[PDB]
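Undergrad: Mind looking over this structure? Questions follow.
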Amino acid sequence: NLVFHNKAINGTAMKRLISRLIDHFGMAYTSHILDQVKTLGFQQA
Amino acid sequence: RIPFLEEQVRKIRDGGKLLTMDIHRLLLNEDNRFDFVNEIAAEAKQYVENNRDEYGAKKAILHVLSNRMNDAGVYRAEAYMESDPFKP
Amino acid sequence: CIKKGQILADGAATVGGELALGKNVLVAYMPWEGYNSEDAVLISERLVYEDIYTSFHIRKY
């Protein structure tokens, strides 16, 4: 149920997204989400 | 129902990310996170004082956490030990 | 024939009368699977079996 994004995502956008996911899901879900985001970012780069 | 999702589930079950979820779930019913640590330490000491070698599968703390998670309706392995059957 | 001031023998970290503290290697600048997210280098295995960056060290006791 995450917001669909169609614009560029800079560092501040990622920081705000993580700060909102910590409050909405918790640290347990956010850790795995951040790990998967890291993997996808490394693959794309 | 995503079809291609079994790989990361197996990775979670194997790498040991289940304990990170179980600790956070158990910290949802306790007010202080220090009394919970003290209670777990006391229970582990009482369980290791009875049987020295038979503290569980490998350790006692993991055994205590598995016993606490199995009494709430969540099936967990004995002391979170699952060997790899594909090791030659 | 030789003159005063010309090289008769070489030395360590010197070849042809010039300082030589390293080797020439083919290098590309690109991100590679996060192994160089920080300041880090992903080297090839050729530098191990071709005796490129091999050095000697002598310790006394």
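By convention in this document, the chains of the structure tokens carry letters A, B, ... by their order, each chain's residues are numbered from 1, and ligands are numbered from 1 in the order they are shown.
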For chain B versus chain A, which residues have an atom no more than 8 Å away, and what is each residue's nearest atom pair and distance in Å rounded to one decimal, using only C-alpha atoms, chain-then-number order, as CSV?
TA:
residue,atom,partner,partner_atom,distance
B:20,CA,A:28,CA,7.1
B:21,CA,A:28,CA,6.1
B:24,CA,A:28,CA,7.2
Undergrad: Put those residues in a file: C-alpha atoms, as an mmCIF file, in the first residue's frame.
TA:
data_model
loop_
_atom_site.group_PDB
_atom_site.id
_atom_site.type_symbol
_atom_site.label_atom_id
_atom_site.label_comp_id
_atom_site.auth_asym_id
_atom_site.auth_seq_id
_atom_site.Cartn_x
_atom_site.Cartn_y
_atom_site.Cartn_z
ATOM 1 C CA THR B 20 15.162 -10.280 14.958
ATOM 2 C CA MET B 21 11.397 -10.409 14.411
ATOM 3 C CA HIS B 24 10.697 -7.182 18.469
#
Undergrad: Select from chain B everything DSSP, run on the backbone, classes as helix (DSSP H, G or I), then give the selection as a ChimeraX atom specification.
TA: /B:6-15,18-26,33-50,61-70,78-80
Undergrad: With C-alpha atoms retained, could you export that selection as an mmCIF file, in the first residue's frame?
TA:
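Result written to part-v1.cif:
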data_model
loop_
_atom_site.group_PDB
_atom_site.id
_atom_site.type_symbol
_atom_site.label_atom_id
_atom_site.label_comp_id
_atom_site.auth_asym_id
_atom_site.auth_seq_id
_atom_site.Cartn_x
_atom_site.Cartn_y
_atom_site.Cartn_z
ATOM 1 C CA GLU B 6 10.071 -18.054 -2.018
ATOM 2 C CA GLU B 7 13.782 -17.248 -2.364
ATOM 3 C CA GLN B 8 13.795 -14.362 0.109
ATOM 4 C CA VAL B 9 11.534 -16.329 2.470
ATOM 5 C CA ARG B 10 14.074 -19.161 2.512
ATOM 6 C CA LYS B 11 16.820 -16.565 2.984
ATOM 7 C CA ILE B 12 14.993 -15.118 6.002
ATOM 8 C CA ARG B 13 14.457 -18.572 7.499
ATOM 9 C CA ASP B 14 18.080 -19.629 6.924
ATOM 10 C CA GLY B 15 20.177 -16.535 7.655
ATOM 11 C CA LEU B 18 13.438 -14.829 12.447
ATOM 12 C CA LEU B 19 15.047 -13.994 15.799
ATOM 13 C CA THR B 20 15.162 -10.280 14.958
ATOM 14 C CA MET B 21 11.397 -10.409 14.411
ATOM 15 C CA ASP B 22 10.711 -12.546 17.487
ATOM 16 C CA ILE B 23 12.611 -10.188 19.803
ATOM 17 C CA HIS B 24 10.697 -7.182 18.469
ATOM 18 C CA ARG B 25 7.399 -9.055 18.828
ATOM 19 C CA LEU B 26 8.180 -10.040 22.422
ATOM 20 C CA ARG B 33 13.055 -3.395 27.937
ATOM 21 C CA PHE B 34 15.404 -3.994 30.898
ATOM 22 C CA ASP B 35 13.101 -6.086 33.088
ATOM 23 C CA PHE B 36 12.514 -8.298 30.044
ATOM 24 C CA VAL B 37 16.269 -8.817 29.647
ATOM 25 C CA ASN B 38 16.588 -9.586 33.361
ATOM 26 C CA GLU B 39 13.716 -12.087 33.207
ATOM 27 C CA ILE B 40 15.187 -13.847 30.169
ATOM 28 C CA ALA B 41 18.598 -14.019 31.857
ATOM 29 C CA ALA B 42 17.064 -15.456 35.035
ATOM 30 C CA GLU B 43 15.080 -18.052 33.079
ATOM 31 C CA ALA B 44 18.173 -19.042 31.088
ATOM 32 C CA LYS B 45 20.190 -19.391 34.298
ATOM 33 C CA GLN B 46 17.473 -21.546 35.871
ATOM 34 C CA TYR B 47 17.319 -23.717 32.744
ATOM 35 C CA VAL B 48 21.104 -24.147 32.540
ATOM 36 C CA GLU B 49 21.427 -24.921 36.264
ATOM 37 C CA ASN B 50 19.147 -27.968 35.987
ATOM 38 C CA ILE B 61 18.888 -18.199 25.481
ATOM 39 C CA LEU B 62 17.758 -19.294 22.021
ATOM 40 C CA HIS B 63 15.982 -22.224 23.679
ATOM 41 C CA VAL B 64 14.160 -19.893 26.087
ATOM 42 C CA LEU B 65 13.124 -17.618 23.218
ATOM 43 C CA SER B 66 11.899 -20.585 21.166
ATOM 44 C CA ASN B 67 9.884 -21.840 24.143
ATOM 45 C CA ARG B 68 8.386 -18.376 24.628
ATOM 46 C CA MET B 69 7.483 -18.145 20.931
ATOM 47 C CA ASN B 70 5.990 -21.655 20.804
ATOM 48 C CA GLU B 78 14.513 -25.797 18.623
ATOM 49 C CA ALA B 79 16.862 -22.969 19.681
ATOM 50 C CA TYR B 80 16.672 -21.621 16.102
#
Undergrad: Got a sec to pull out which chain A residues are within 12 Å of chain C, counting only C-alpha atoms, and send them as a VMD selection string?
TA: chain A and resid 38 to 45
Undergrad: Considering only strand (DSSP E or B) as DSSP defines it on the backbone, what residues of chain C qualify? List them as a ChimeraX atom specification.
TA: /C:11,14-15,18-19
